[PDB]
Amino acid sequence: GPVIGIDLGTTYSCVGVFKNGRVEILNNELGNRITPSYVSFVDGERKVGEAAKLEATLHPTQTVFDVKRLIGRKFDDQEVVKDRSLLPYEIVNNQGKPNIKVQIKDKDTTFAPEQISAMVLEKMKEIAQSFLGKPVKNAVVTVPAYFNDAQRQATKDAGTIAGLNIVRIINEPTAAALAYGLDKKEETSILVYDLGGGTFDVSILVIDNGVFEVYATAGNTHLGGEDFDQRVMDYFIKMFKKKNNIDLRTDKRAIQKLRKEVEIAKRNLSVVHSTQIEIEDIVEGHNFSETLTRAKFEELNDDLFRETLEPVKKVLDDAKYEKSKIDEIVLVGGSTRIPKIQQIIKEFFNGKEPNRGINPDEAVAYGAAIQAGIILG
């Protein structure tokens, strides 16, 4: 049978196959290589991916996401207490563990995190099956290096529910190191800087004669590209109020349309210096039309960008490493395409350039597919 590779991310998943000596990262049915890790339970229908994420605006309590934050944890863990206060869907205490409670045709229905992760895995499986034109029973799935045995087992149990035998769990730093094809000979120390949509992770990964070991991990569980978008949102909501006497927060639809254009403007500003954010009738009879510059984008987010260095100092300290001891810096996550992020890391490493890919959102799934290939020989 085939073995596919799946990056089960906090905010998104990504699936790759190894076939005819190449890794193919697969498109979902909307033509995207990244699928939002969302599941909606509205109006007697269950949706997974972007179609579910679009329900979050009008049905926030029925639109489940960020389940990776809960999986294999305890209801009373300090992190889960925080996540319950942030997440808009109901989380209940089932015998010491967080479960998700929603309604299906008005009936209360409770799910383990691994039942919701299983639905994401099922969708990635179906993309692979369609593409390979055969059934898929086996996968390599990625986890964060800091995941404990209960978090790993809960991820494997998600696979079993989705009809996937997870033949190997590999950590996200190792997957990145496989994708970038880092030389496995001799000893090299690698700083893997992973800045995603919602989470920041940094790891020191040591490769020694083909053996991969994560010597230290740190991060910020509530720092990612979505926060940079929110800083921009906050700025233009204040401006629109000043100019128009309209508080766009009073209209949830207006906020949804703004967040979509702000996320595009942010991407543009990784390449250009100035971009237009435009929504016709953001509310009836009022257009939104603004310019954002890279300089203002950076100014709005500079403290968040610099916060990413605090986990870098922590892993260098935990590992008793000098900065010079790092041989190579590898960037993962779309947010590492931000020029200021790259500059800040370079300058922290007293001038050393970070290695980055071209598709840093897909590098982990790519490495998971390589690992699948490695396992089949």
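The numbering used is simple: start at 1 and walk along the sequence shown.
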Highest mean C-alpha temperature factor of the two stretches 127-135 and 104-112, which is it? 127-135
Do the CA atoms of 227-235 or those of 89-97 have the higher mean B-factor in the entry? 89-97
For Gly196, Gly72, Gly181, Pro144, the deposited C-alpha B-factor is largest at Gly181
Based on what the PDB entry reports, which of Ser335, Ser37, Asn28, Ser40 has the top C-alpha B-factor? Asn28
Compare the C-alpha B factor of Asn350 with those of the other modelled residues in its chain, then answer lowest, middle or highest third. highest
Considering every modelled residue of the chain and its Cα B-factor in the PDB entry, is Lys47 in the lowest, middle or highest third? middle
By the record's CA B-factor, is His273 among the lowest, middle or highest third of residues in the chain? highest
Temperature factor at the Cα of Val167, chain-ranked in thirds, falls in the highest
Which third of the chain holds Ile6 when residues are ordered by C-alpha B factor: lowest, middle or highest? lowest
